[PDB]
Amino acid sequence: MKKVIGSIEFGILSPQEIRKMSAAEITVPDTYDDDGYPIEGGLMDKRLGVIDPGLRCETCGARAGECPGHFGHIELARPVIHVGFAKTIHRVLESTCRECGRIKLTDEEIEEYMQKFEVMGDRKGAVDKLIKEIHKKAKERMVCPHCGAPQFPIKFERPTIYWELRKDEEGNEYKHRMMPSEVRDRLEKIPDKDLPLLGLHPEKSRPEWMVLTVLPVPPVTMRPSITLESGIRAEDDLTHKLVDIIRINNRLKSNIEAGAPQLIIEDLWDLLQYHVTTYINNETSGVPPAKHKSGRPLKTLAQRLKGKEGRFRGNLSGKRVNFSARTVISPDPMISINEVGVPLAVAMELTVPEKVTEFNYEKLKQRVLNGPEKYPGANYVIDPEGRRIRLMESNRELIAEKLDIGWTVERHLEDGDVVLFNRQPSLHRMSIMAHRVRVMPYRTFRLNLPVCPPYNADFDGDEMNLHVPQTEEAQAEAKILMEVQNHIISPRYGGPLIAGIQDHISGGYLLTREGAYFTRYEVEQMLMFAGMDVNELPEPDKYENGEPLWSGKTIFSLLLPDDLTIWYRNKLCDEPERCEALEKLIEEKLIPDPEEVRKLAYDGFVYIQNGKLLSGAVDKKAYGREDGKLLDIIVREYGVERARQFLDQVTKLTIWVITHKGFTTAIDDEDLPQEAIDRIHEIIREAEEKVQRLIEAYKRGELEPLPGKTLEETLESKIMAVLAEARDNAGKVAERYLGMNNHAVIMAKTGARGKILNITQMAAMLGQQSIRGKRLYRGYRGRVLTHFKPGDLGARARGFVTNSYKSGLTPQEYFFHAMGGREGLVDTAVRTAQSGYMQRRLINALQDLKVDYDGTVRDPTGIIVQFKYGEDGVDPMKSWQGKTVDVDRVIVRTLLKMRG
Amino acid sequence: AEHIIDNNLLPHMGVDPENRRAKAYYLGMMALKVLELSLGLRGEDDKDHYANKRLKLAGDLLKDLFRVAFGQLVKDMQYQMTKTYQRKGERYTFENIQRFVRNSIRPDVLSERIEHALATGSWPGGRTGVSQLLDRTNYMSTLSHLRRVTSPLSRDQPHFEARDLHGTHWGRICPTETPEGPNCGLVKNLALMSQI
RNA sequence: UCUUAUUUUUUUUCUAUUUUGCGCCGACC
DNA sequence: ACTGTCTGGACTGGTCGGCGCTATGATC
DNA sequence: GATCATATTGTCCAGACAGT
Ligand SMILES: [Mg+2]
Ligand SMILES: [Zn+2]
Ligand SMILES: [Zn+2]
């Protein structure tokens, strides 16, 4: 049968257990001889395992690559204090009597502490608090309650040095060094009944085991030895540390057997203690770390376990996996959000293991008969007994003829196969989704554009990874849970994440704007491009020059479901009167006539009645990320598959619109007439005059301190406020003098790409350059640059750039903008590390929380963190703008459904 | 304590006790600098101001590396002559003092300390990354690497006052050409008009 | 003209089936 | 019972590519 | 000449601790 590890019990290894688990005794501080063979009794002994392929292990008889490795033991001449337990040892040394060995507590106190230990349960914090309280109470008693022997304070010196404060016959206070043998002898006197009071297990954590008498040398496999390209074997750091330990132990044994004086024995004991302490942890405080002959410090077991590169993080929590690829991504609007572009070279390398059944026997037989060099083919074949055979040209037909039910065929990646698509860093669960394999003959990955905002991935050389599940359970889990269309709504804010961006928004605005009409050929072409099932063209809206014309709203209406009705305001609202009139007309009748709506239709108010876009222009508020109301309603009211189809169709339609109608930006997009430039210059002169007046008022002393502030930062804040008002006025002038016919203004207003400030910065001014939230001050004495007078606090001398990008900046203003950009870049480069550390901390704090079947969130111990998740038991992904149920939307939709 | 004061307390003033009194004078000019800022007589100087910042070039690092290598070579030669005198004796040592000194020298012991520091980029005294592989991607990269300046500050440390551009970098440090990520600000390039 | 020692049967073959580590530098997301 | 001081730990992830190092002073 | 034992022992935040 099969068994799993139900629980793990920790403890301290006893010397008897170390001796029993050891397959050999190590006494030679060497690894290999001149010819390269292992030395008997050495660290590289075959009894501890084999790394070289030729050798065969003595203990288990297995060759390299399959021998698990066997531990050894070293009999230390003298006991050595374990550093990791050392401080804990001191605690026990402050809790037990030096003669009787019992704890320094009364019987009643011991019993009361036993009841306290039994009552509280299994919470770790209470146990540590009780242990600390018991240690503090026992450490202040100088008389043993059981024997009456006097006690002395014990001073702990890092890392493994113990001093006992003793008194001579003359009353002088001196320090006696407690040798590890004396410490172990004192620890041996503590009975098993007092161990729970000290936080030690009677049968698993005996204090005498905290002092090392037998050192467990690791197996050969866990510290492997390799041969370099120069023919010289490269030993591990642990091997060198163990060589030093064995040499020092042998020297100590020889000196002890020779009757060496006490000066020799304690010196060698200290050397062995230092070696063992470095072997346990080379980064111990208060000691010099062990270094190689080249001056490189070694990393021992503690550094192997801890750290980012340690076993826990670099090998256990996260590790490299098989059947994975990684390459650059390129855009592909022609594929669905469910599909990923897999290169042919990647597809012919990564293989899906498919078992031969009664329905896929012919397909897998054809895959085997194609071979690894022909697509679609196979690379490996596994028989039911379990031998894997690689398919070459010779046995390609023979294996195909031998194929039967129960065999496994590692076939090439085919269309429709489910694979994982992950981009690093993975800040959220939406950073990986299961896509469908689409095989194309190029070299790069291809990912659909609406799936990019979930990945936070652009196409400026982004690298993305792909993982192919092997087991059927993993493939099913990827297909059902982590499918792309199932994660359109972001659980972080309950809004659309998989959404149209940039050119999708621009094409939607171009199609759905007022006065946008298309010919019959254009309408048929966009219908075919978007893959819509429109068999017959709708009635044309108007006839121009004898030919029919279709409104873009009519074409957009075919995407929406026939029973959809929603009205809202978008970001293109600048005349609230028309929007208010439309809202009032909708409010009275609740089913306004389409002719009545079209009479007073406004691009700033989106209104869809029965799937017909009667008014409004498409922008980021329609199906953009974090703002699309239409996409949010479509996902929640019509499922995810219909939402995915709508997203694909609308993205293709908008791409067709933006491709053939013509979308471009030029140098005249930021061009302004002479009146706008004159107004901007007037604003500049007014701002500099106000700044100079403020400076003069501060100099003459009539400037008023702000409440709680002195002259300097008050004047600085006033100057910054004046410059901000000037920047706002310049931006308002630029917006006034730039119409909606501008493509850059279209992109800024519709929310496709960029902002209004971006156009303002390229046309009107750059504003004031600020560092760390204040004006630029770092530089020379009294000035930032030497081109200004010292002590000048003017706008031009402190980072206020008057000209824009189109007019070109002065060298001083260019330098100030460089300081601002450098500050921004440093801000992001500093923020990323802190954000990642905080994310890791939060994840490790909340990794184990899970909603149970009764709706309660509990920790693995059993403590109910929440009796109901979110206090209402509602998924934030399925929540409506952070609310439980959108009563307004439900009522309106139901009323419209019953009225229609 | 005498050795510590002689070899650690302002070694740039000397190591002999005779100049010790003068070191006290150098202490006094420190105390004033501490006192005035504690009393408002003088302002705090900028650590990132280039008047207080020097640029160790390849010559100074080569001088330090050659000093370390020559000291180790000197100690090796001293051990070699000591061993030769202890083995052969006074007769063979002083019969030809020209050959005795020459044979007690191992030049490679010096050489393998210099070029190795120019190979791995590790410098004596804990300094590392001094020597790097020259970038040969194109004509621009090699010139940028040859006109590159690094900082001893750690890359993971947020140095808001050090990574940001300074007003004294005009004409000395390029205001725009900086690397991204943790290397931003701490790694700069010399300006076209910069003279050292 | 003299003490204080003992004694026995139930185990088989000419031999064998895919280099880590350390540290540096640079770049990308 | 407060207060400044000493000691200890962590410092986002991933990827591409390169460079370079991992003996020696006696002994017959 | 060819071998061989030995090869040294930067900041910031939080918890514990003498001092008043
Ligand atoms: Mg990118
Ligand atoms: Zn084995
Ligand atoms: Zn006792």
# chains A, B, ... in the order shown; residues from 1 in each chain; ligands from 1
>>> interface_residues(of="chain A", to="chain B", cutoff="10 Å", atoms="only C-alpha atoms", output="VMD selection string")
chain A and resid 771 to 772 776 to 781 783 to 786 811 to 812 814 to 834
>>> write_last_selection(atoms="C-alpha atoms", output="PDB file, in the first residue's frame")
ATOM      1  CA  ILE A 771      12.366  66.340  -5.318  1.00  0.00           C
ATOM      2  CA  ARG A 772      11.006  64.433  -2.293  1.00  0.00           C
ATOM      3  CA  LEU A 776      15.022  71.431  -5.796  1.00  0.00           C
ATOM      4  CA  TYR A 777      17.688  72.532  -3.313  1.00  0.00           C
ATOM      5  CA  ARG A 778      20.596  70.063  -3.517  1.00  0.00           C
ATOM      6  CA  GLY A 779      23.644  71.611  -5.155  1.00  0.00           C
ATOM      7  CA  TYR A 780      25.991  74.484  -4.353  1.00  0.00           C
ATOM      8  CA  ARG A 781      25.737  76.840  -1.364  1.00  0.00           C
ATOM      9  CA  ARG A 783      21.784  77.685  -5.204  1.00  0.00           C
ATOM     10  CA  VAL A 784      21.203  74.534  -7.224  1.00  0.00           C
ATOM     11  CA  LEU A 785      23.397  75.505 -10.186  1.00  0.00           C
ATOM     12  CA  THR A 786      26.157  78.063 -10.672  1.00  0.00           C
ATOM     13  CA  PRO A 811      20.064  73.479 -20.178  1.00  0.00           C
ATOM     14  CA  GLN A 812      19.270  74.457 -16.581  1.00  0.00           C
ATOM     15  CA  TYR A 814      16.878  70.188 -18.748  1.00  0.00           C
ATOM     16  CA  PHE A 815      19.074  69.482 -15.717  1.00  0.00           C
ATOM     17  CA  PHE A 816      16.139  70.115 -13.364  1.00  0.00           C
ATOM     18  CA  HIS A 817      13.955  67.717 -15.356  1.00  0.00           C
ATOM     19  CA  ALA A 818      16.809  65.198 -15.180  1.00  0.00           C
ATOM     20  CA  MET A 819      16.814  65.505 -11.379  1.00  0.00           C
ATOM     21  CA  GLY A 820      13.049  64.973 -11.330  1.00  0.00           C
ATOM     22  CA  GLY A 821      13.232  61.910 -13.564  1.00  0.00           C
ATOM     23  CA  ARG A 822      16.113  60.446 -11.563  1.00  0.00           C
ATOM     24  CA  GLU A 823      14.116  60.964  -8.364  1.00  0.00           C
ATOM     25  CA  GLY A 824      11.139  59.180  -9.912  1.00  0.00           C
ATOM     26  CA  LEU A 825      13.232  56.253 -11.147  1.00  0.00           C
ATOM     27  CA  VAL A 826      14.926  55.884  -7.753  1.00  0.00           C
ATOM     28  CA  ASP A 827      11.490  56.042  -6.113  1.00  0.00           C
ATOM     29  CA  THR A 828      10.211  53.100  -8.165  1.00  0.00           C
ATOM     30  CA  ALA A 829      13.461  51.129  -7.775  1.00  0.00           C
ATOM     31  CA  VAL A 830      13.245  51.557  -3.991  1.00  0.00           C
ATOM     32  CA  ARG A 831       9.490  50.958  -3.719  1.00  0.00           C
ATOM     33  CA  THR A 832       9.586  47.639  -5.597  1.00  0.00           C
ATOM     34  CA  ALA A 833      11.777  45.879  -3.010  1.00  0.00           C
ATOM     35  CA  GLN A 834       9.776  47.122  -0.014  1.00  0.00           C
TER      36      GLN A 834
END
>>> residues_near_ligand(ligand="ligand 2", cutoff="9 Å", atoms="only C-alpha atoms (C1' of nucleotides) and all ligand atoms", output="list in words")
residues 46, 47, 48, 49, 50, 56, 57, 58, 59, 60, 61, 62, 63, 64, 66, 67, 68, 69 and 70 of chain A
>>> write_last_selection(atoms="N, CA, C and O atoms", output="PDB file, in the first residue's frame")
ATOM      1  N   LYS A  46      32.852   4.840   1.095  1.00  0.00           N
ATOM      2  CA  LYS A  46      31.733   4.247   0.373  1.00  0.00           C
ATOM      3  C   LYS A  46      30.610   3.803   1.301  1.00  0.00           C
ATOM      4  O   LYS A  46      29.483   3.603   0.836  1.00  0.00           O
ATOM      5  N   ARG A  47      30.891   3.641   2.596  1.00  0.00           N
ATOM      6  CA  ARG A  47      29.849   3.273   3.546  1.00  0.00           C
ATOM      7  C   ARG A  47      28.836   4.390   3.758  1.00  0.00           C
ATOM      8  O   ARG A  47      27.710   4.114   4.184  1.00  0.00           O
ATOM      9  N   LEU A  48      29.207   5.637   3.479  1.00  0.00           N
ATOM     10  CA  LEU A  48      28.304   6.771   3.623  1.00  0.00           C
ATOM     11  C   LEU A  48      27.601   7.143   2.324  1.00  0.00           C
ATOM     12  O   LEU A  48      26.826   8.105   2.312  1.00  0.00           O
ATOM     13  N   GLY A  49      27.846   6.417   1.244  1.00  0.00           N
ATOM     14  CA  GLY A  49      27.269   6.722  -0.049  1.00  0.00           C
ATOM     15  C   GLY A  49      28.334   6.908  -1.116  1.00  0.00           C
ATOM     16  O   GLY A  49      29.532   6.965  -0.847  1.00  0.00           O
ATOM     17  N   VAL A  50      27.856   7.000  -2.355  1.00  0.00           N
ATOM     18  CA  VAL A  50      28.726   7.113  -3.520  1.00  0.00           C
ATOM     19  C   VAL A  50      28.195   8.202  -4.442  1.00  0.00           C
ATOM     20  O   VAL A  50      26.990   8.278  -4.705  1.00  0.00           O
ATOM     21  N   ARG A  56      30.502   1.736  -5.988  1.00  0.00           N
ATOM     22  CA  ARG A  56      29.282   1.128  -5.476  1.00  0.00           C
ATOM     23  C   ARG A  56      29.287   1.217  -3.956  1.00  0.00           C
ATOM     24  O   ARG A  56      30.299   0.908  -3.317  1.00  0.00           O
ATOM     25  N   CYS A  57      28.161   1.643  -3.385  1.00  0.00           N
ATOM     26  CA  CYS A  57      28.091   1.911  -1.954  1.00  0.00           C
ATOM     27  C   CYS A  57      28.223   0.621  -1.152  1.00  0.00           C
ATOM     28  O   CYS A  57      27.686  -0.422  -1.537  1.00  0.00           O
ATOM     29  N   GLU A  58      28.952   0.693  -0.036  1.00  0.00           N
ATOM     30  CA  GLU A  58      29.171  -0.493   0.785  1.00  0.00           C
ATOM     31  C   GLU A  58      27.948  -0.828   1.632  1.00  0.00           C
ATOM     32  O   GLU A  58      27.637  -2.006   1.840  1.00  0.00           O
ATOM     33  N   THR A  59      27.249   0.192   2.136  1.00  0.00           N
ATOM     34  CA  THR A  59      26.167  -0.051   3.087  1.00  0.00           C
ATOM     35  C   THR A  59      24.955  -0.689   2.417  1.00  0.00           C
ATOM     36  O   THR A  59      24.399  -1.665   2.933  1.00  0.00           O
ATOM     37  N   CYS A  60      24.529  -0.157   1.271  1.00  0.00           N
ATOM     38  CA  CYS A  60      23.311  -0.622   0.625  1.00  0.00           C
ATOM     39  C   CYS A  60      23.541  -1.294  -0.722  1.00  0.00           C
ATOM     40  O   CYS A  60      22.595  -1.864  -1.276  1.00  0.00           O
ATOM     41  N   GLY A  61      24.756  -1.248  -1.264  1.00  0.00           N
ATOM     42  CA  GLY A  61      25.040  -1.944  -2.503  1.00  0.00           C
ATOM     43  C   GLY A  61      24.525  -1.281  -3.758  1.00  0.00           C
ATOM     44  O   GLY A  61      24.512  -1.919  -4.814  1.00  0.00           O
ATOM     45  N   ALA A  62      24.101  -0.025  -3.683  1.00  0.00           N
ATOM     46  CA  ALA A  62      23.573   0.674  -4.843  1.00  0.00           C
ATOM     47  C   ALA A  62      24.633   1.582  -5.458  1.00  0.00           C
ATOM     48  O   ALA A  62      25.586   2.005  -4.800  1.00  0.00           O
ATOM     49  N   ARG A  63      24.452   1.879  -6.741  1.00  0.00           N
ATOM     50  CA  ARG A  63      25.384   2.710  -7.485  1.00  0.00           C
ATOM     51  C   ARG A  63      25.019   4.184  -7.309  1.00  0.00           C
ATOM     52  O   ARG A  63      24.095   4.537  -6.572  1.00  0.00           O
ATOM     53  N   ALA A  64      25.751   5.062  -7.990  1.00  0.00           N
ATOM     54  CA  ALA A  64      25.491   6.491  -7.903  1.00  0.00           C
ATOM     55  C   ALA A  64      24.184   6.847  -8.602  1.00  0.00           C
ATOM     56  O   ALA A  64      23.795   6.234  -9.599  1.00  0.00           O
ATOM     57  N   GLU A  66      21.214   6.545  -7.221  1.00  0.00           N
ATOM     58  CA  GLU A  66      20.119   5.862  -6.550  1.00  0.00           C
ATOM     59  C   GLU A  66      20.393   5.560  -5.084  1.00  0.00           C
ATOM     60  O   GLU A  66      19.449   5.222  -4.361  1.00  0.00           O
ATOM     61  N   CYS A  67      21.635   5.664  -4.626  1.00  0.00           N
ATOM     62  CA  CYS A  67      21.941   5.458  -3.217  1.00  0.00           C
ATOM     63  C   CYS A  67      21.519   6.686  -2.420  1.00  0.00           C
ATOM     64  O   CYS A  67      21.983   7.792  -2.718  1.00  0.00           O
ATOM     65  N   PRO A  68      20.649   6.545  -1.416  1.00  0.00           N
ATOM     66  CA  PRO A  68      20.187   7.729  -0.676  1.00  0.00           C
ATOM     67  C   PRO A  68      21.249   8.349   0.213  1.00  0.00           C
ATOM     68  O   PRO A  68      21.087   9.505   0.625  1.00  0.00           O
ATOM     69  N   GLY A  69      22.318   7.633   0.520  1.00  0.00           N
ATOM     70  CA  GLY A  69      23.322   8.147   1.435  1.00  0.00           C
ATOM     71  C   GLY A  69      23.065   7.717   2.865  1.00  0.00           C
ATOM     72  O   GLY A  69      21.928   7.561   3.309  1.00  0.00           O
ATOM     73  N   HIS A  70      24.154   7.521   3.602  1.00  0.00           N
ATOM     74  CA  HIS A  70      24.093   7.040   4.973  1.00  0.00           C
ATOM     75  C   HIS A  70      24.950   7.923   5.867  1.00  0.00           C
ATOM     76  O   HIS A  70      26.052   8.327   5.485  1.00  0.00           O
TER      77      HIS A  70
END
>>> interface_residues(of="chain B", to="chain D", cutoff="9 Å", atoms="only C-alpha atoms (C1' of nucleotides)", output="ChimeraX atom specification")
/B:116,119-120,132-133,156-157
>>> residues_around(residues="residue 189 of chain B", least_positions_apart="2", cutoff="6 Å", atoms="only C-alpha atoms (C1' of nucleotides)", output="PyMOL selection string")
chain B and resi 147-149+173-174
>>> select_by_dssp(residues="segment 284-352 of chain A", states="alpha helix (DSSP H)", output="list in words")
residues 301, 302, 303, 304, 305, 311, 344, 345, 346, 347, 348 and 349 of chain A
>>> write_last_selection(atoms="C-alpha atoms", output="PDB file, in the first residue's frame")
ATOM      1  CA  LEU A 301      24.363  23.761   7.527  1.00  0.00           C
ATOM      2  CA  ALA A 302      22.757  26.890   9.001  1.00  0.00           C
ATOM      3  CA  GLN A 303      23.440  28.917   5.854  1.00  0.00           C
ATOM      4  CA  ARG A 304      22.323  25.928   3.776  1.00  0.00           C
ATOM      5  CA  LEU A 305      18.950  25.947   5.558  1.00  0.00           C
ATOM      6  CA  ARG A 311      16.984  24.916   1.094  1.00  0.00           C
ATOM      7  CA  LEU A 344       6.535  24.992 -33.310  1.00  0.00           C
ATOM      8  CA  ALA A 345      10.006  24.436 -31.836  1.00  0.00           C
ATOM      9  CA  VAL A 346       8.587  24.723 -28.311  1.00  0.00           C
ATOM     10  CA  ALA A 347       5.621  22.488 -29.186  1.00  0.00           C
ATOM     11  CA  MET A 348       7.842  19.746 -30.631  1.00  0.00           C
ATOM     12  CA  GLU A 349       9.963  19.824 -27.442  1.00  0.00           C
TER      13      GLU A 349
END
>>> residues_near_ligand(ligand="ligand 1", cutoff="10 Å", atoms="only C-alpha atoms (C1' of nucleotides) and all ligand atoms", output="PDB file with C-alpha atoms (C1' of nucleotides), in the first residue's frame")
ATOM      1  CA  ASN A 456       1.040  43.592 -16.345  1.00  0.00           C
ATOM      2  CA  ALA A 457       2.972  42.833 -19.532  1.00  0.00           C
ATOM      3  CA  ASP A 458       3.788  45.039 -22.498  1.00  0.00           C
ATOM      4  CA  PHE A 459       5.750  43.953 -25.579  1.00  0.00           C
ATOM      5  CA  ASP A 460       9.001  45.862 -25.034  1.00  0.00           C
ATOM      6  CA  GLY A 461      11.038  42.687 -24.721  1.00  0.00           C
ATOM      7  CA  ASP A 462       8.918  41.040 -22.029  1.00  0.00           C
ATOM      8  CA  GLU A 463       9.829  37.442 -21.195  1.00  0.00           C
TER       9      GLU A 463
ATOM     10  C1'   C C  28      15.897  42.839 -19.139  1.00  0.00           C
ATOM     11  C1'   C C  29      10.885  42.386 -17.256  1.00  0.00           C
TER      12        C C  29
END
